[PDB]
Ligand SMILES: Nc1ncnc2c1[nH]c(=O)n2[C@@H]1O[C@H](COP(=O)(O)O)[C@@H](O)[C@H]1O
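Next up: just one chain, as structure tokens, the form deposited without the ligand.
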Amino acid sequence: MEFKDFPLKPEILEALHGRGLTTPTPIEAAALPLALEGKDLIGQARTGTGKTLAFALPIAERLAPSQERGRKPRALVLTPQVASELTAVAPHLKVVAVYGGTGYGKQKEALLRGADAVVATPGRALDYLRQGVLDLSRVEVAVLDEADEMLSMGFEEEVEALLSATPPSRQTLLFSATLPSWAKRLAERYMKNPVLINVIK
């Protein structure tokens, strides 16, 4: 089932063209059905290229971008690269970044302008949170990418701090080539009877 073979936004199926992207991975092709309706999932694919669109899409497709001034983020993401794509496959949605390796002020500036989604290393993710700079009480979509490269890199107790600050009616998707205990807790404490999917060779 090519992208089209699904209920998808045309200009998105076109931004994809502006890109050149045609057909989804095994994992994407599995998630989207459930992912395009809110169902909690879990994803298990080898580390590297292939994962992004399983969630990027169910997000943009879920939200009606706004021009509202200084608005809260309806979506959220985590790592320990991901802007290029989403910004291109979700032109209607405003996207920004946060991370160690630049100035607080910097990512404490475009923030107050407005936001439709986010992606961060939990180390700085809490920074703006505590600062009260980042308000997180309007999120609909939640995402954890590589909950083992987090564990490994050590961003695991902010992951859940930031996470403990989102609606319960909210949705949740988790990806981890190897699903570890903290991601088993992260799964019991944060997800409604998700559906696991494994594509490991």
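Each residue number is its position in the shown sequence, starting from 1.
FYI, the form solved in complex with the ligand isn't displayed, but the following is about it.
Counting ligand atoms within 2.4 Å of backbone or C-beta atoms, the overlay of the ligand from its pose in the deposited complex onto the shown chain yields 3 or more, and the pocket is blocked.
In the deposited complex, residue 21 approaches the ligand with a heavy atom inside 4.5 Å. Using a 4.5 angstroms limit between non-hydrogen atoms, residue 53 touches the ligand in the deposited complex. At the 4.5 Å threshold, heavy atoms of residue 168 stay clear of the ligand in the deposited complex, well away from it. Interface membership of residue 3, defined by any non-hydrogen atom within 4.5 Å of the ligand in the deposited complex, is confirmed. From the list 36-44, 58-66, 133-141, 23-31, the contact stretch for the ligand in the deposited complex under a 4.5 Å heavy atom rule is 23-31. Contacts between stretch 67-91 and the ligand, counted in the deposited complex as any heavy atom lying within 4.5 Å, involve 81, 85, listed in sequence order.
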